[PDB]
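As a starting point, one isolated chain is supplied in C-alpha cells, in the form solved without its partner chain.
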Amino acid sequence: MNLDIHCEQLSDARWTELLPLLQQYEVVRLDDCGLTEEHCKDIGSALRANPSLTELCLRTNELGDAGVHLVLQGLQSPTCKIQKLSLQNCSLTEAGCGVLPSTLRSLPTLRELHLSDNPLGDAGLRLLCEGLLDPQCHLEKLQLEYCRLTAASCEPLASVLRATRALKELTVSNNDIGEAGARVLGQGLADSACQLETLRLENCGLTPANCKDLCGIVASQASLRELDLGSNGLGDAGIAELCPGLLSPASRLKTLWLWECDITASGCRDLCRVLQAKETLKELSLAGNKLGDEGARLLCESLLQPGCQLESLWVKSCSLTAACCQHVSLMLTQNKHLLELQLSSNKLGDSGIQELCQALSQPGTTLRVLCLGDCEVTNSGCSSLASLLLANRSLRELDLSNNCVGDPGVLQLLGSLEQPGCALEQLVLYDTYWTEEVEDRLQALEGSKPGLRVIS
C-alpha cells in the first residue's frame, strides 16, 4: 500500500495515470521526480480525496513556497490522519514558512516532520517554532538539517524545547549554530521537560567548550539513546570533558557517533574507560579520526575485557595499517559481543587481511559483519578470504568494495559461495568490475542459492 517513485521523470501521460492512485495509497513517496508547482495543484486535489494517507514524502523537487503551500492545504482536510511528512529539499524558503503555524496547528496527527535541505533561515525557523509551541502540536521527530539556520535559531529552538513534552528526536546537523548557539540550545535541553532520545549535532561547529555542557546534559539525560556529534572539532580535550558525563549511572547512551572529531590515541584512552564500564553503550563510530595502530590497540585492549559489550565499532579511515591486524585478530578470537566491525579505507593489504582471515577461521567466533572496502586487497588476498568463507561459520555480510580485485579474485569468492556449507548472506562488491564471463557465472550462482545476494 506504498507508492514510491524514484528518479523516473513524469510524462504528462503517466502523471494522469498516477493521480487517482494518489487518492488510494497509505504511503506516497515522490522522490526526485520532476515535480514543479504545476503538479502541486493536482497533488492538493488528489490528497484531499485520500481518506487513508499516513505519510507523504515529496523529496528532491523544486516545488517552491507556492507549491508547498498548496500541498499543505490539501492535507488540511477532514479525512487526514497523516503522521509522517517530508518536504525535504523543496526550496521551501522563509516566505513560504508563514504557513507552518496554521498548518502545524491544523494537524494534530503529525508525529515526525522533515524540512532538511530547505533554506528556512532563522526567519523560517522562528515560525516553525511558533507552530510547535501550540498545544495541538504533538511533534515527536523534527529534522532541520542544512537549513541555513545560525545561532539565532537556537533560542526559539531552546524555547520550543523547554515548553514541549513530546519531542523525542532533534536533528540540527549541518547548520552553523556555533559554540554560542550550541550553548544556548543545550541550555534549553538541560531544563526541558521532554524525554529526548535522539540528538544529532553534526557539523555544527561545536568546540571543546560545548563538551563542558554536553557533559552535564548527557550525565542526567536518562532518556537519551543516540548522540551524534561527528564532524566537529572537539579533539581529545573535548572527549575528556565528555567522558565523565558518559560514566553516569543514569546515562543509558546506546549509540555514540564521534566520527571526524579530531580525536587521536590520547583521546581514545579516555574512551576506553567508558567502553569498559558502560554495558549499555553498544555502537561507537570513530571513523575518520587519526587513531592509528596505537589506538586500534587500545580499542582492542578494551574489547578483550569481558565486561565490555560493544556491538558495532566503526574505525573507517583511521590510519590503521596491517601492523594492528594481530590485535584485531586476537580480540576477534576471544570476544563474543562484537557483531559488526568496519575497517574500510585502511591500508591493511593482503598481509593484514590474512591475519584477520586466520583468526576468524577458528570456531566459536561471533563477528557477523565484516567490512573491508578500500583496504588494498588484491587477487591474492581473495585467496585468504575465499578459504575463510569455507571455514568460518559466523559471518553473514562481507563487504569487499573498492579493492584491487579483478576476475580471478572474484571467481575464487564465487567458488566459496557455491558451496552448501557457506552461509554468507551478502557479498558486497561495489566499484569492482569483471568480464562478461564472470558475470554469467555470477548470475548463475544467484539462481542456485537464492538466500544470498552479491551486491554491486
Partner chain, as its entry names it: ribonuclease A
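Basically, rigid core = biggest C-alpha set you can superpose within 1.5 Å across the two forms. Positions refer to the first chain, counted from 1.
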Per the entry, higher mean C-alpha B factor between 427-435 and 28-36: 28-36
Stretch with the greater mean C-alpha B-factor as recorded in the entry, comparing 318-326 against 335-343: 335-343
Which of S223, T365, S153, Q358 ranks first by CA B-factor in the deposited coordinates: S153
Criterion, highest CA B-factor; candidates, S192, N203, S266, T198: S192
Position of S248 among the chain's modelled residues by C-alpha B-factor, lowest, middle or highest third: lowest
Third assignment of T79 from its chain's C-alpha B-factors: highest
Record-listed C-alpha B factor of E294: chain third: lowest
Assigned third (lowest, middle, highest) for the C-alpha B factor of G421: highest
Record-listed C-alpha B factor of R111: chain third: highest
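The next section is about a form of this same protein that is not shown, the form solved in complex with its partner chain.
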Touches its partner chain in the deposited complex: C404 (any heavy atom, 4.5 Å): yes
4.5 Å heavy atom contact, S52 and its partner chain in the deposited complex: no
Any non-hydrogen atom of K141 within 4.5 angstroms of its partner chain in the deposited complex: no
Non-hydrogen atom contact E37 with its partner chain in the deposited complex at 4.5 angstroms: no
Answer range among 22-30, 426-434, 413-421, 44-52 for contact with its partner chain, defined in the deposited complex as heavy atoms within 4.5 Å: 426-434
Option touching its partner chain, based on a heavy atom within 4.5 Å in the deposited complex, out of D270, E376, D213, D228: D228
Contact residue in the deposited complex, from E112, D134, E283, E155 (heavy atom within 4.5 Å of its partner chain): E283
Residues from 201-226 in contact with its partner chain (non-hydrogen atom within 4.5 Å) in the deposited complex: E202
Rigid-core-referenced C-alpha movement of 2 Å or more between the shown form and the other one, selected from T365, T207, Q73, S285: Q73
